[PDB]
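Notes follow once the structure below has been shown.
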Amino acid sequence: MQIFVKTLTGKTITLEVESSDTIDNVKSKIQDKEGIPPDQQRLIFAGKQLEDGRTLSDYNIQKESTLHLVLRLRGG
Amino acid sequence: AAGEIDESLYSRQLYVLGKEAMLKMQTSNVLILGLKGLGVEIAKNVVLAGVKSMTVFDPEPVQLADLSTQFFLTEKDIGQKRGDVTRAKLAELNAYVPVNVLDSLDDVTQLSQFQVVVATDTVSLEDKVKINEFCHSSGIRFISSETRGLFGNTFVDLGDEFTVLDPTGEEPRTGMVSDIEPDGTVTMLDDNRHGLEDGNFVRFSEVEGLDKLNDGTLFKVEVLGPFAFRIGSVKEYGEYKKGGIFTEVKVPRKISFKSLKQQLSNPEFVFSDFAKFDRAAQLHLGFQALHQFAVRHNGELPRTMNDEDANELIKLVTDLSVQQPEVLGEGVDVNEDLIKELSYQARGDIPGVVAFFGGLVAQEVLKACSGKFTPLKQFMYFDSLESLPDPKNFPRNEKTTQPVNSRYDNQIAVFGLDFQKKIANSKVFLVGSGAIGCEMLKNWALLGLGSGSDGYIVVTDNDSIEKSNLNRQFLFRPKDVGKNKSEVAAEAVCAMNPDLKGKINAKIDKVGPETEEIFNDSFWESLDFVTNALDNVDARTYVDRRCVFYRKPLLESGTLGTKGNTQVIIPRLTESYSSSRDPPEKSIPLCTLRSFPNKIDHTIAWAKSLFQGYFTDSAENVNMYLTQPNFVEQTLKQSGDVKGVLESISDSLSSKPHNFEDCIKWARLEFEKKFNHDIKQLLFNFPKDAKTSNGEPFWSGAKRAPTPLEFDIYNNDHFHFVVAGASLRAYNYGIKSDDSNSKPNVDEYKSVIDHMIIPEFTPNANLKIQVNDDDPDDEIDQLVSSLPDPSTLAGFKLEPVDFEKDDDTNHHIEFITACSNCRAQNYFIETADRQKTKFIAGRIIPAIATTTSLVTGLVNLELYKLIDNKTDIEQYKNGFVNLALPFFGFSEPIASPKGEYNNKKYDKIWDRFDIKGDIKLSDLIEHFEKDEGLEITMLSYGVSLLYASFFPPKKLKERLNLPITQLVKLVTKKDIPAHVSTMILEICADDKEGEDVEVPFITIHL
Ligand SMILES: *NS(=O)(=O)OC[C@H]1O[C@@H](n2cnc3c(Nc4cccc(C#C)c4)ncnc32)[C@H](O)[C@@H]1O
Ligand SMILES: [Cl-]
Ligand SMILES: [Cl-]
Ligand SMILES: [Cl-]
Ligand SMILES: [Cl-]
């Protein structure tokens, strides 16, 4: 199934996944695409932050679901 | 005198919006209808941003309850018109923006004088539809917004044709190309990512062999993977040979909006929180139902916490869903508790929600004026119902939420009297009194936070107010420049709410390792919670660690341009700030800086460090040498770059200028060295046509073969390199500038330069140059014996430059821009202007008030959850935003990791072993075995090992009887300082089975 990952900059990344895949797995696919190390990735979906060692089905991630890759900012 | 932007005031905003957008904003007149909280918040942000004019309409008389969120009203204004009384305060925010009052709106035709009309909560729905029809049909962009207690919405209609000029505000992607195949498959140089997306467009330069592909034609991108993309057949253009840079171009986009009346019946939603997307249709019905409720009750909203009215609101929503089943969907019921809450809260006026909508709507106003960023299209609803306290602790009913004849009455409408008293009685620490901090203190003044007799606010900031701050630190005025941020902010919010008079303690101390005497145990322990309003990661990490050590909650937030975030850190519950890492800053390889630049960032960094060297470092060094009789001896035994320190001293004291003319000469000769000679040397070692061992050309890709510069005073950069270099050199040596009163005269510099004999370049055949960062790379006695004896220079002092990016008169950015651009010319890199140079050299963070208010609003909706001591992690929301898109997303905090030793669970962040007193080592070891089942195996104080199980008996006999402070003394040879009240010790330990286990740290309370 395809899912989508949108970044805070507006960019849309398409991934090929299966629901049994771990969040670690998804994160390594994002790394292949964007060059972002897994430990620097904050991924949210449906009011939850996706944690290492859990699966897509643990967060109810269906086909076509959009995940958001987010950041902390330092200005203030 | 318009077509130009005041950089000194708008500098930070300018980096977010850009000059074109701001020039359009400066031709736009804006009208706001309604100046309750929401309106004044919108208006403040829009006036700070800089539009051509702002006009406000609110003839309603001020009542006490309006002050809930209207921070420019005072009890003195009661009875007078909101518009009239607010106007002069909005005007003081930005002298460049006239603020007028519209007396009357009976004649709608008045609307035509305006480009953007915003209608707030004070305008009936019926009037909104008329106004919007007038606006839409006549080319006037229209926005509305409403807040009701913890709920809110906004609607945007920019008309039938609106052109977005730039959808995100991101830097265009750029990159180097190593191949373009005949079908248009573009391969990137090496491992450089293009970073594009399907549908982006690009232009090209420097592609040899495909000549017209460089003429500015756009090509649409098809992404092949991270390192390739495709642009359509290029065989018609020629055959690729070498070189190439692609630059992303944002094309315009035309978009179409529908009217309020059409979108009422068929809305297009943007979600404010995807966990809540089901609610956006419910609230859309519910907000319509409020308006129907008002029509049936003579303009009035439902009564606060009133059941009869709530059932009427639910009947009204139920009637809308039966009339329009597609709205919630086939067989989707009305969410009756949700709609009940909407009714119950309808009169509430909550500071955080007003801030969130005020920032969001203000930013939509600026999009409407400029075509910068992607507009909200078209409706967004929001709620922060999680902010409600547990009704077990703070019951909400008609008695507890009733008005009490006070400015807080419409916060009491939501939360009740007792909760509002607890807010008043909170003890809070705010670290930072800049953008977030001003917004924060404004919100806290509106909450009454710390106004109660058991409460207070402490705020601290070491910095003083600078001009560019006035664009987003709304408590400061031009006359406050040079004063202390925290002190001026504290005074401003007491004028907004006198309940805070004498309850805010403004300090001017930095929070850090060096101020633990002021910010001591007693200080931290007294607090209910802490809030950050910071501009750097180190300060954030420091506060986070304190909050962990003292077990206090922390509210964190940040911004970058339109981007922002919130984080809540809750003791014994969540991760802390330090628990996760953020992307570090990219570092430029040293080879690229030294010899092979290809972007302006590289030349700016090189220039910035040349600046540091010529004007700061080499002066500090001279002064240390003339005042430290051991300096030469210390330098030889302890510097990395020894020869360089001693040559800087030698060159600073032999070349001594005697007048300004010598300073001009020195600068011109530096031009020769850096942009002619040094380049020639690099070319001697690697000629233009040189090739690698493989026969490929050496100068390709990232390596661009330079050309030496022939000084030309008519070239802006050459001229300015000599002007700035000379004036700074003069500063260093305390010589009067021929330009310290005046602009520089070209003819005057020219006749000095024209009389100079410039020495010719001689190659030095010995110098190898380092190509990669991997590859590696006695004469000193001569250099030392050449130094003058300091007693020949008694009283001589050089004056080092302290980099100041924000004083246009001091030559700093002038030097760095020119020095950077001259190198840029060497390597055929596009030159940059002062503003951009200042952004990069000065490390300026793009900032704007809209985002600052919105993020601060969201922090203050989390704050309500600290007031109720929520321990359910699922109630809390970390927030992430980008107003450009617009995007809002939220996530529940991550739980603190947990561990176990023996049968004992503990929190790996928040738990520690608290030991009372300067305990003897033996007692400490015995205590751990007897009370925790832990066999201590290593015990450390910072870097010092104090005990270990492998110590032989002789070593243990020296230690076992020592109190911890005396044990630290024995090992480090240093006493613990007297002000230190605690010592953290790290232990390793074995558990009852003899197995190593992780365990918390120890704290010694002295
Ligand atoms: N965003 S802003 O620039 O408008 O406002 C930020 C505001 O915060 C002040 N500020 C920054 N840091 C501190 C600190 N502590 C500190 C600084 C640096 C390093 C470490 C460490 C370890 C700690 N304390 C107080 N105030 C701070 C800025 O002055 C600015 O006004
Ligand atoms: Cl006036
Ligand atoms: Cl009207
Ligand atoms: Cl920094
Ligand atoms: Cl941005």
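Atoms within each ligand, like the ligands themselves, are counted from 1 in listed order. Order of the sequence lines fixes the chain letters, A, B, ..., with proteins taken first and strands second; residue numbering starts at 1 for each chain. For the numbers below, each heavy atom of this structure counts, side chains included, while hydrogens, waters and symmetry mates do not.
Geometrically, ligand 1 and B:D509 share no nitrogen or oxygen pair separated by less than 3.5 Å. Below 3.5 Å of separation, one finds an N or O of B:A435 facing an N or O of ligand 1. No N or O atom of B:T460 sits closer than 3.5 Å to an N or O atom of ligand 1.
In terms of modelled atom types and a separation under 3.5 Å, the side chain of B:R546 and the main chain of B:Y542 share no donor-acceptor contact. Remark: the backbone N or O of B:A435 is not paired with any side-chain donor or acceptor of B:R472 at under 3.5 angstrom.
In this structure, B:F880 has its ring center at least 6.0 angstrom away from the ring center of B:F888. Aromatic pair B:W524/B:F549: centroids not less than 6.0 angstrom apart.
Remark: B:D157 CG to B:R141 CZ distance equals 10.0 Å, nearest 0.5 Å. With rounding to the nearest 0.5 Å, the separation of OG1 in B:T837 from CD1 in B:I600 is 6.0 Å. To the nearest 0.5 Å, atom CE of residue B:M22 and atom SG of residue B:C369 are 11.5 Å apart.
Counting only heavy atoms of the protein, atom 2 (S) of ligand 1 lies nearest to A:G76 C, 2.6 Å. For atom 15 (N) of ligand 1, the closest non-hydrogen atom on the protein side is B:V511 O, 2.9 Å. What sits closest to atom 26 (N) of ligand 1 on the protein, heavy atoms only, is B:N462 OD1, 3.7 Å. The nearest protein atom to atom 12 (N) of ligand 1, hydrogens excluded, is given as B:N536 ND2, 3.3 Å; this is a heavy-atom distance. Of the protein's non-hydrogen atoms, B:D461 OD2, 2.6 Å is the one closest to atom 31 (O) of ligand 1. In terms of protein heavy-atom proximity, atom 13 (C) of ligand 1 is closest to B:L534 CD2, 3.5 Å. In this structure, the protein non-hydrogen atom closest to atom 3 (O) of ligand 1 is B:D535 OD2, 3.5 Å.
The atoms of ligand 1 that sit less than 4.0 Å from any heavy atom of B:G432 are 8 (O). Listed by number with element, the atoms of ligand 1 under 4.0 angstrom from any heavy atom of B:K485 are 30 (C), 31 (O). Listed by number with element, the atoms of ligand 1 under 4.0 angstrom from any heavy atom of B:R472 are 4 (O). With ligand atoms numbered from 1 in the order given, ligand 1 contributes 29 (O) to contacts under 4.0 Å with heavy atoms of B:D463.
Geometric assessment of A:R72 against the ring of B:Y577 yields a positive cation-pi assignment under the 6.0 Å and 45° thresholds.
Residues meeting the ring-ring contact (aromatic ring centres under 6.0 Å, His included) test with A:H68, sequence neighbours left out: B:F887. Checked against ring-ring contact (aromatic ring centres under 6.0 Å, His included), B:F134 has no partners two or more places apart in sequence or in another chain.
Ligand 1 has no atom lying under 4.0 Å from any heavy atom of B:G512. Note on ligand 1: B:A533 sits in its first shell, one or more heavy atoms being nearer than 4.0 Å.
Contacts between B:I436 and ligand 1, counted as non-hydrogen atom pairs separated by less than 4.0 Å, are absent for every part of the residue.
Here atom 19 (C) of ligand 1 lies nearest to B:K510 when heavy atoms of B:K510, B:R12, A:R74 are compared.
Contact check for B:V530 versus B:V543: side-chain heavy atoms found under the 4.5 Å cut-off.
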